[PDB]
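Listed next as structure tokens is one chain, alone, in the form deposited in one PDB entry.
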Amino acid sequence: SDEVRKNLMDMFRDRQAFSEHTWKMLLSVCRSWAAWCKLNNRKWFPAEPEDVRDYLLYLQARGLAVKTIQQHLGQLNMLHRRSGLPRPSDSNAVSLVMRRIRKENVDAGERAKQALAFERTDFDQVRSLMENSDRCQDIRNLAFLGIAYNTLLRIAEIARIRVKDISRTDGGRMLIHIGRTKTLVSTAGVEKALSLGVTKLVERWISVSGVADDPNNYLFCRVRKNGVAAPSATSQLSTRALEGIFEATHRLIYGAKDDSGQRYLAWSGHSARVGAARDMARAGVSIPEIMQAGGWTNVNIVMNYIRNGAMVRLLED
């Protein structure tokens, strides 16, 4: 117990060893779990395997996604493991129930959704329309969409970029230095090459916004109603805003979205990653070159982002 109160103290003292989203979700789950315990007269910690099992079945009955239920189990599992206690998943009740929840939800259909693709055709149509705008917002939004599709960087990676991270190929092409990603942390990092067209788009944004004033300013910043940019070296444009661009841009071409309320009806922060990976495959790009582009290190995310007659052909004659 004392050795457990110290272990949890050592974790919270060196919080920053983990992503801010990890704490955010760890706290969210503990909240949810603790609330469930209270309502049922149960001790939230250490967690009892039978209680954890009931909570998972409870989340399932709530109609939550399998990945969501796995997130809860995972947060509780880390809380315990890092406390020095056994994980709920080290018990059969929990292990087996997780599988069963997976098996049942899937055998009933449920499938992990992936963002609506934002491909070359989409980028060209969008560019064809926005290119002519002198609005600062439009200029910004077009430069963002170009980098997104070109680089495949995640919205969080994009919002991080600083004016000082941009270099130049002799050929005139823009080069973006990326430090940390979701699958990488290092003083090394990657250099992102921008096409001449995309470089143009970005250069135009730099000029109108006046971000290059100070190289420590984030490349992307807000643009108020009066069309005046608002550069900053301490605050980034929220990823929530980076998402709005995608949603706004889709509303521009396709109008307002379904009343269903279901996820993925318009483009989102990940649309360009998915779309470019797909475009790359369709062009015969080497899976290995595709991975370099996406920065992945494996072959399944890549592999997955696609799929779709050939076999007809032969018999067809």
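Rigid core here is just the name for the largest C-alpha set that superposes within 1.5 Å across the two forms. The numbering used is simple: start at 1 and walk along the sequence shown.
The rigid core fit leaves 5 to 13 as the farther-lying stretch in 6 other deposited structures of this protein, judged by Cα positions and set against 5 to 13 and 20 to 28. Comparing the two stretches 57 to 65 and 254 to 262 by root mean square C-alpha distance in 6 other deposited structures of this protein, with all structures fitted on the core, the more displaced one is 254 to 262. According to the entry, the stretch of the deposited sequence that connects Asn308 to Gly309 contains 4 to 9 residues lacking coordinates, which leaves a gap of moderate length in the model. As listed in the deposited structure, the average C-alpha B-factor of 258 to 266 and of 34 to 42 is greater for 258 to 266. Higher average CA B factor: 187 to 195, of the stretches 158 to 166 and 187 to 195. Of all the options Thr121, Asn216, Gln71, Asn150, the entry's greatest CA B-factor is assigned to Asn216.
The top Cα temperature factor in the record, among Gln75, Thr181, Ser207, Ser89, falls on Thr181. Compared with the other modelled residues of the chain, the Cα B-factor recorded for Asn105 ranks in the highest third. When the modelled residues of the chain are ordered by their C-alpha B factor, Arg99 lands in the lowest third. Among all modelled residues in this chain, the alpha-carbon of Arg282 has a temperature factor (C-alpha) in the highest third.
Looking at the C-alpha B-factors along this chain, the one for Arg140 belongs to the middle third.
Sort the modelled residues of the chain by CA B factor and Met25 lands in the lowest third.
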